[PDB]
Amino acid sequence: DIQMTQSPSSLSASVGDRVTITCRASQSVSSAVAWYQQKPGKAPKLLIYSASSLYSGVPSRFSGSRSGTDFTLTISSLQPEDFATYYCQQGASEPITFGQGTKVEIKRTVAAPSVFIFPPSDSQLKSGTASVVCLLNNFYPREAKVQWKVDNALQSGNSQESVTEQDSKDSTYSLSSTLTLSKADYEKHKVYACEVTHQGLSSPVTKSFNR
Amino acid sequence: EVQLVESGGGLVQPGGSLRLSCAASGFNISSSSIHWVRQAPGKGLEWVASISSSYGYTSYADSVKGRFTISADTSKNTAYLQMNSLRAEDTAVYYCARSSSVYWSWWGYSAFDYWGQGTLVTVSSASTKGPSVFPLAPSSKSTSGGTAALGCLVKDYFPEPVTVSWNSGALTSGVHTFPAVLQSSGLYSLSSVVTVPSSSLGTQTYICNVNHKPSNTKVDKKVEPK
Amino acid sequence: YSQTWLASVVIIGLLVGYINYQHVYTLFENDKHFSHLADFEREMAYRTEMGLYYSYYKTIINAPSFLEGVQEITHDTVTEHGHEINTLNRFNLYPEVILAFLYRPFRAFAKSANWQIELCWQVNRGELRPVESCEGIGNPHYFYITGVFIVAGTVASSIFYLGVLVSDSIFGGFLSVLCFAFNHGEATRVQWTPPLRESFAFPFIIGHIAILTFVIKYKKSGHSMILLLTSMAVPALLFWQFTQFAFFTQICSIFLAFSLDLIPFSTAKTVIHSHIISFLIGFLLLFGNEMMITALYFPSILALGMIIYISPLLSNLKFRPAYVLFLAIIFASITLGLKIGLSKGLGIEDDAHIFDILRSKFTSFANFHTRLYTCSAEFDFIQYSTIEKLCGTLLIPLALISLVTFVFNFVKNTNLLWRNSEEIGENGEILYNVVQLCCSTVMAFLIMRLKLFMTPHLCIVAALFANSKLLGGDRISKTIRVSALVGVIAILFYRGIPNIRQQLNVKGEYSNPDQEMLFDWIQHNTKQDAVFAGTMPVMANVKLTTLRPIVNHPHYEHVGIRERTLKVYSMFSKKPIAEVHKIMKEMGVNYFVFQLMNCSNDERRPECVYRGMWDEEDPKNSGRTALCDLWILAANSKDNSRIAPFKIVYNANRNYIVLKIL
Amino acid sequence: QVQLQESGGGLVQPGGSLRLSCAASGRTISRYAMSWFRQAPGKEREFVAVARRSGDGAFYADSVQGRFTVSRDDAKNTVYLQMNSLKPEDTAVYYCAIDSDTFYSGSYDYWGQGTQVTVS
Amino acid sequence: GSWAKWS
Ligand SMILES: CC(C)=CCC/C(C)=C/CC/C(C)=C\CC/C(C)=C/CC[C@H](C)CCOP(=O)(O)C[C@@H]1O[C@H](CO)[C@@H](O)[C@H](O)[C@@H]1O
């Protein structure tokens, strides 16, 4: 019942830049805090124990610091290897509560997303429902929210959103929104349209088509 | 020479029982506590259970205090977690981490220096059956002559791992496979699309290959223009 | 609207104190009949111990000047004939000094102003010669008794305030005072034995406990709280030796609270400093009585002080069992090293009576002095009838329910294994009082006559049943809580009135004609410098009245008197009469006064009669003709021919006998 | 309802540096983010730079990466832009855009007057 | 009975 909160839920930095992650404990765990690094697809590993000591084996660049109830992890110069999530753990009470976790990525020039629309195929006539996909690619950063509205009508509960991680070649992003309609919903407005909102444009891009 | 290995994960119907094991090779158990930690898909790590087998101390997370039981078998140097009355939110990856014994806690638990590989356990109420593949080609009347991309969408596939092959893997440029997504309906949907070349799609009968080893499904779906 | 509450609390406390004082005074007057007793007869009413202490008050109020009297009683050569002793630090006679210092100028002023404070007239007993009885505030006995009862009538107020504090509602105080009233007979015996020391030192102990609970609850500190604690700790040590152990219980109950993060650092420092200062003042006031050291109150103070002053160094520990175990080990180690490193290390006095009334209860250790202590029936196991009478008033079941509730709350609202240094636990005073209750009950069960501590704490802890937080908080609304607490009080009144009826109905006896004749004979037919020796209860009264020097007295704690008793009581043994005569001549005693009921076989409780106590303690002499047979034969035959060195001088109605050693 | 103004002036010379400023009036700016946009004939409404609340990371377009720098002052509640060695193809109007959405979706509706930079 | 009694 002791909460450890990480302040920078998402942080972006480039190679060689100094970085700092913060952790705040509601209670007053003295020095029983630790910092772990988790890369996707593997298990976490220790990086700092006691908030001030460096585990034997990890590179010396990482450092830990305590001040009051605040704890901080400082990286002198980020490198391509240490691009993964960082977790703040406390071990001074029976419920061992981890932190939310901050993800460090690679900073790059913002790219205008490209949007394509694909309606349900002719084979949807036998599945009992139709699916429409609006896919955008090459957008940075990931913070872009797509809203669906038809005839100034609120829509929710039917859109399914998928987002891919940074491309290892150009560090880009690909996002897809899928809308499912039934046979009764197939009889609604024949014109099918969807909107995408991103920081790369002043106004959302709306694309419409007719069957 | 010190290493934790977790085993026993898999699939289970809701309300069932699972019994997974954490075996430690090298350091002997009962000289240090072992904790079972949870990670849900796309979330942070969560603490589940803790056992200090030196004198037989056990502690559980408040969220599962009444459904899980951890037992230490010091004869063979291994521990076990038994989970029963599984809910719908307990599907996740479980890791086994080592730390100092509770009786020698003495200024608090030590950090989890050594972690296990982690085992995935899922609770589902749907049968394992092959999915349906649907072609998805760009309209020939839209964006003709320049950028073009076509692919296939796989729906209702179980378990999660299904591999998408393009024209027998002959083409790999502009390949984008979205992560597997599951909604409350118990459905898995994925899309695999590649930027088709110009010149009438290269006048080649493109094919999508879905490989699903657990169902041994390797059906090939044709791709045609509008 | 929250200030009129405090006024009502204080007024009710004072009223209950006054009612308790009136009750004790009424019971006293009913039991003894001091109203119409001869002046030389009240002293005879003061039995074995009461006589000894009151004798020095009478000596002081009679001397030419208060300074002369104090100088006389600080160099007494008649309490233990043979060598000069200081009676102020040996008997704890500060209450007598204070009362005499107040009385002498008060009576002098009353005479100067011709105010009629003592008005009296003759009382016609009957066949016996008429005697004069004087009553009023000026009469010395009434002054002493009024002082004692005024000092001891604030125990009701202390209990009411303690009930108000730990229950934060006037209903708690009402429950405490009501439980005390119905269990009054088993709570105190001040209405039947005023002059004892406990009647002076218990009110101050209870006041100090209340003040300490108040300090802990509100986390006070500074010079104010230190002075407030000292003002009640010094008097409770200057009035009675056993306080030194009673305070040792508090440090045993405070410590347990401190290790549970329920007492701040500043308040703990203030409490320990007040204790140290009170002990220093007490030691300096008692002429440095060595027995103060090598007790369990000094080493405990030092150990608790060091534990408090090193607690911050362990602020980083987060595992509670390790912290508590380490603190307990350090506490015990320091206490036992200090107690054992001085008593056996330096051989500085030390009293084993407390430790010999315990090994004799578990092991087969018999001894003689422990035999005297264990056969009194007030140093034995608390009998079943007392527990029956306590559970009759439901004083016990309420205490059990309150304790269970508090333990349940503490378990629910605390993390036992892991500790946080910064945060306080809350409700520290309740745990402190609960721990003192367990200590007091463990004391009382072993030895009766310490129910004095177990019963007031039962009354206090019975008030936790009216706490809102302990009993569901706001889950039971407000109309219900009042109704539930009125029903309990109504039930108690159904089981409490008969006890008060019986206590008021009781009437005592005041005849004791044999001792009056014996003391008349002693005053008439012996010189003013004769030395008397005999059974300890008779010698106390022989000193109190007739002012004759005595060789052994009823105060049995210190060494130097145990060996005097072991010699004097040899007259009831089987040793050769020549040896006992030589012993008596060496001691310098002239007359041996005893009772013919002391040398009668029991055959019902062996190893509790003098004839038997000298079998094991005198085994090599076993088989010889017991002296008691010789005394009975000489008394009945009236011609002491076989006992040549001795010669019976006084023998009246075969009850009291006075032998003269040639 | 929002409004913003600009500062600076004088005769600029090609190849130098400019010290631009945009400050909102009547409302705070800390809660929302700020952006600098470029409007050009034929193709306008293109992102240039963005800063979220205080400087936890400034995003610049591919063509102004390193040439333009963004800073913010909550005390003055103004966003200040540093430019240098302006490229000849930099003839356009700069607008200080403030998004009225608290979720950082860039729903910009206010454009203002901006500052025109033309090199011939 | 050498010491006072509780009655
Ligand atoms: C360690 C922990 C956390 C808790 C432990 C608690 C415990 C179980 C403790 C030890 C207490 C014990 C069991 C034993 C000895 C017996 C007593 C209690 C002696 C006191 C007599 C008093 C000083 C005069 C009042 O007692 P009285 O009824 O008046 C009769 C006589 O009184 C004279 C008065 O001065 C005195 O000289 C005599 O010794 C004798 O006591």
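Chains as they are written, first to last, in PDB author numbering: chain L, 2 to 212; chain H, 4 to 229; chain A, 23 to 684; chain K, 1 to 120; chain P, -2 to 4. Think of the CB as a built atom: it goes at the ideal place given N, C-alpha and C, for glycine as much as any other residue.
Helix, strand or coil for A:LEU368 per DSSP? Under the three-state reduction of DSSP, A:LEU368 is assigned to helix.
Please list the terminal residues of the continuous alpha helix (DSSP H) segment that includes H:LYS216. Note, H:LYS216: premise wrong, no alpha helix (DSSP H); not H, not E.
Within 8 Å, strictly: CB atoms of A:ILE332 and A:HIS295: A:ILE332 is not a Cβ neighbour of A:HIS295, given a cutoff of 8 Å.
Cβ contact check for the stretch 594 to 606 of chain A and the stretch 636 to 653 of chain A: 3 or more pairs under 8 Å: Segments in contact, yes.
Selection of the stretch 96 to 112 of chain K by Cβ proximity to chain L, strictly under 8 Å: Against chain L - using a Cβ distance shorter than 8 Å - the residues of the stretch 96 to 112 of chain K are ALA97, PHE103, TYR104, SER105, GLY106, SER107 and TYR108.
Option in A:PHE50, A:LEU335 and A:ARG69 with minimal Cα separation from A:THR567: Of A:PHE50, A:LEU335 and A:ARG69, the residue nearest in Cα terms is A:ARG69.
Note the first and the last residue of the continuous alpha helix (DSSP H) segment covering A:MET470. It is not in any alpha helix (DSSP H) - A:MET470 carries neither H nor E in the DSSP assignment.
Within the 8 Å Cβ cut-off, does A:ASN338 reach chain H? Yes, contact with chain H.
Can you determine whether any heavy atom of ligand 1 sits closer than 7 Å to the C-beta of A:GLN458, and answer yes or no? Incorrect: A:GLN458 has no Cβ contact closer than 7 Å to ligand 1.
Measuring only between beta-carbons, confirm whether L:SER31 sits less than 8 Å from chain A. It does: the Cβ of L:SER31 has a partner Cβ on chain A nearer than 8 Å.
Nearest-angstrom Cα distance between A:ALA506 and A:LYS500? Answer to the nearest angstrom: the Cα atoms are 10 Å apart.
Kindly say whether A:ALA350, judged by its beta-carbon, lies nearer than 8 Å to any beta-carbon of chain H. A:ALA350 does not count as touching chain H.
Counted within 10 angstroms of its Cβ, other Cβ atoms place A:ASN489 as buried (16 or more) or exposed: So A:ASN489 ends up on the buried side.
So H:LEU153 and H:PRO141 are in contact, right, with Cβ under 8 Å, and what is the actual spacing, rounded? The Cβ separation is near 6 Å, so the contact holds.
Could you work out which residue in L:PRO121, L:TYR87, L:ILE76 and L:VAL164 is closest to L:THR130 when comparing CA atoms only? L:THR130 has its Cα closest to that of L:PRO121, out of L:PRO121, L:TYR87, L:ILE76 and L:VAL164.
For ligand 1, is there a heavy atom less than 7 Å away from the beta-carbon of A:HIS577? Yes, the beta carbon of A:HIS577 sits closer than 7 Å to at least one heavy atom of ligand 1.
Give every residue of the same chain whose Cβ lies closer than 8 Å to the Cβ of A:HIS575, excluding the five residues on either side of it in the sequence, and list them in chain order. Cβ neighbours of A:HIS575 beyond the five flanking positions: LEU74, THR101, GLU102, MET558, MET561, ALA562, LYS565 and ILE583.
Counting C-beta neighbours from all protein chains within 10 Å, is the total for residue 685 of chain A 16 or more, i.e. buried, or is it exposed? Residue 685 of chain A cannot be examined here, being either before or after the span of chain A that is shown, 23 to 684.
Is the beta carbon of A:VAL464 within less than 7 Å of some heavy atom of ligand 1? Using a cutoff of 7 Å, the CB of A:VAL464 counts as near ligand 1, since one of the ligand's heavy atoms is closer than that.
Is there a Cβ from chain A that is less than 8 Å from the Cβ of H:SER108? At a cut-off of 8 Å between beta carbons, H:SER108 contacts chain A.
For ligand 1, I want to know if A:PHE264 counts as a neighbour, meaning its beta carbon is within less than 7 Å of at least one of the ligand's heavy atoms. Correct: A:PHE264 has its Cβ closer than 7 Å to ligand 1.
Are there any heavy atoms of ligand 1 lying less than 7 Å away from the beta-carbon of A:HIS375, as far as the coordinates show? In this structure, the C-beta of A:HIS375 approaches ligand 1 to less than 7 Å from one of its heavy atoms.
Which partner residues of A:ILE107 appear in the DSSP bridge assignment? Beta-bridge pairing links A:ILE107 to A:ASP98.
beta-carbon P:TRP0 near ligand 1 non-hydrogen atom, thresh 7 Å: Yes; taking the cut-off as 7 Å, the Cβ of P:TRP0 has a heavy atom of ligand 1 nearer than that.
In chain order, what residues of the same chain have a beta carbon less than 8 Å from the beta carbon of K:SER25, not counting five sequence neighbours either side? Shown here for K:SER25: same chain residues with a beta carbon closer than 8 Å to its own, the five before and five after excluded, namely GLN3, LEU4 and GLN5 in chain order.
Within 10 angstroms of the Cβ of L:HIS199, are there 16 or more other Cβ atoms? Answer buried if so, exposed if not. L:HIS199 is buried by the Cβ-count criterion.
As a quick exercise: from L:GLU144, L:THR73 and L:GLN148, pick the residue whose alpha carbon is nearest that of L:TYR174. Minimum Cα distance to L:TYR174 is reached at L:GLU144.
Determine the burial state of L:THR110: buried for a count of at least 16 other Cβ atoms within 10 Å of its Cβ, exposed for fewer. Taking all protein chains in view, the Cβ of L:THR110 is surrounded by fewer than 16 other Cβ atoms within 10 Å, so the residue is classified as exposed.
DSSP three-state call for A:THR252: helix, strand or coil? Under the three-state reduction of DSSP, A:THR252 is assigned to helix.
Reference A:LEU150; option with closest CA among A:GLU538, A:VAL464, A:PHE305 and A:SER337: Of A:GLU538, A:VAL464, A:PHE305 and A:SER337, the smallest CA-CA separation from A:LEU150 is found for A:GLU538.
Which residue's Cα is closest to the Cα of H:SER103: L:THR98, L:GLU106, L:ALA93 and L:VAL20? Ranking the options by Cα distance to H:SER103, first place goes to L:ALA93.
Segments assigned beta strand (DSSP E), at least 3 residues, entirely inside the stretch 15 to 40 of chain K: DSSP runs (the beta strand (DSSP E)) wholly in the stretch 15 to 40 of chain K: 17 to 25 and 34 to 39.
Between which two residues does the beta strand (DSSP E) containing H:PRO138 stretch? Its beta strand (DSSP E) spans residues 135 to 139.
Would A:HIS245 be called buried (16 or more neighbouring beta carbons within 10 Å of its own) or exposed? Taking all protein chains in view, the Cβ of A:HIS245 is surrounded by fewer than 16 other Cβ atoms within 10 Å, so the residue is classified as exposed.
Between the stretch 69 to 84 of chain A and chain P, which residues of the former have a C-beta closer than 8 Å to a C-beta of the latter? From the stretch 69 to 84 of chain A, only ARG69, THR70, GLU71 and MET72 have a Cβ closer than 8 Å to chain P.
Can you list the residues of chain P that A:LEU218 reaches, using a CB-CB cut of under 8 Å? In chain order, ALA1 make up the part of chain P whose C-beta sits under 8 Å from the C-beta of A:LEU218.
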